[PDB]
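S.K.: this one's a deposited entry, sequence included:
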Amino acid sequence: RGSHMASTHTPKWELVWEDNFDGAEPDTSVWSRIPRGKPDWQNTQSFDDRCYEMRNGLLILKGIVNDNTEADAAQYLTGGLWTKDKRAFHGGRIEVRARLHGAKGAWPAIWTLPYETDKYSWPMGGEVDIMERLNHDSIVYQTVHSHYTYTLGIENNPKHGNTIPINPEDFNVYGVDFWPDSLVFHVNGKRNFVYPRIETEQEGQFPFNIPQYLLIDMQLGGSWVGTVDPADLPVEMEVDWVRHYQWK
């Protein structure tokens, strides 16, 4: 350009955006607290300050026993942030570094949904689970959901999810790479599994190459994780950073 060339280089992973959770609070131009909703994951989501902490340059999202008598009160309250309406991810590599804590009924998640919420439905628009950790497991699930996996029921051809062990007491790096023909899931730089775009008679098998928003949120209870043991509360997940790369 201006002073030096088509800067011709071997393409590589380039850091295009990061959040190191440096401030007194989540950057309000990127993050919002997740509101209450009906699905098992969104049951507990709360604006309560007791669900959120910045500590030691770490983001802290907590699951706690609720003390609301009100007849329409969640038994448990969880903290979550999302980039909905604030930051879109256009494929590339999304990585989150986080430390988890065992608790019966806890299933903290890191995941993405279509950014364009007035343009895509669930599950036809797709869902990418970068991390789900159940209970006290020393493994995490990485998973995709779509029209194809969920509405048509085709979960195993190709395999829509896989588990991989973690260091459960340590920080681990949860990652997904978006390509035109495939998603590739990583924990600490180890490949978990590939979700391929296949030739198929049906539709909705690979809706993922669309702008994404990122959700990071504590979750308590549901049919998948099983019952909560309040004795294991309060519980936290600690987030060191989010990094977004592009191959260029």
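M.R.: Looks like it arrived, so ask away. Numbers count the residues shown, from 1 in each chain.

S.K.: how distant is the helix or strand encompassing residue 59 from the center of its chain?
M.R.: Element membership of residue 59 [criterion: DSSP states H and E] is strand 58-65. How far strand 58-65 lies from its chain's middle: 15 Å, per C-alpha atoms, centre = their mean, to the nearest Å.

S.K.: adjacent strands (with direction) for that strand?
M.R.: Its sheet considered, strand 58-65 pairs with strand 52-55 (antiparallel), strand 76-78 (antiparallel), strand 235-247 (antiparallel) by DSSP bridges.

S.K.: now do the buried residues in the first one.
M.R.: Residues residue 52 are the ones in strand 52-55 that count as buried (16 or more other C-beta atoms under 10 Å). Quick note: C-beta positions are derived from backbone N, CA and C, even for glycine.

S.K.: which residues touch it?
M.R.: 21, 23-26, 33, 59-62, 79, 236, 238 (C-beta atoms under 8 Å, 6 or more residues apart in numbering).

S.K.: one step back: which parts of the strand holding residue 59 are buried?
M.R.: Neighbour-count burial for strand 58-65, with 16+ other C-beta under 10 Å as criterion, is recorded at 58, 59, 60, 61, 62, 63, 64.

S.K.: may I ask which two of those residues are separated the most?
M.R.: The span of the buried residues of strand 58-65, defined through C-beta to C-beta, is set by 58 and 64 at 17.8 Å.

S.K.: list the buried residues in stretch 224-239.
M.R.: Of the residues in stretch 224-239, those buried under the neighbour-count criterion (16+ other C-beta under 10 Å) are 225, 228, 232, 233, 234, 235, 236, 237, 238, 239.

S.K.: ignore what I typed, I meant stretch 86-93.
M.R.: Using 16+ other C-beta under 10 Å as the test for burial, stretch 86-93 gives 87, 89, 91, 92, 93.

S.K.: ends of it, how far apart?
M.R.: Counting by C-alpha to C-alpha, to the nearest Å, the length from the leading to the trailing residue of stretch 86-93 is 19 Å.

S.K.: hmm, who's touching that stretch?
M.R.: Residues from elsewhere that reach stretch 86-93 (C-beta under 8 Å, 6+ apart): 13, 16-17, 29-32, 83, 112, 115, 175-179, 209, 211-214, 243-247.

S.K.: which of those residues fall within helices?
M.R.: The helices in this structure, assigned by DSSP state H, contain none of the contacts of stretch 86-93.

S.K.: from these, which land in strands?
M.R.: Among the contacts of stretch 86-93, the members falling in strands are 13, 16-17, 32, 112, 175-179, 212-214, 243-247 (criterion: DSSP state E).

S.K.: buried ones among the residues you listed?
M.R.: 112, 175, 176, 177, 178, 212, 213, 214, 243, 244, 245, 246.

S.K.: got those as a markdown table, with distance to residue 132 columns?
M.R.: Formatted as a markdown table, those follow (distance: C-beta to C-beta, whole Å):
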| residue | distance to residue 132 |
| --- | --- |
| 112 | 13 |
| 175 | 14 |
| 176 | 13 |
| 177 | 18 |
| 178 | 19 |
| 212 | 17 |
| 213 | 18 |
| 214 | 15 |
| 243 | 20 |
| 244 | 21 |
| 245 | 23 |
| 246 | 26 |
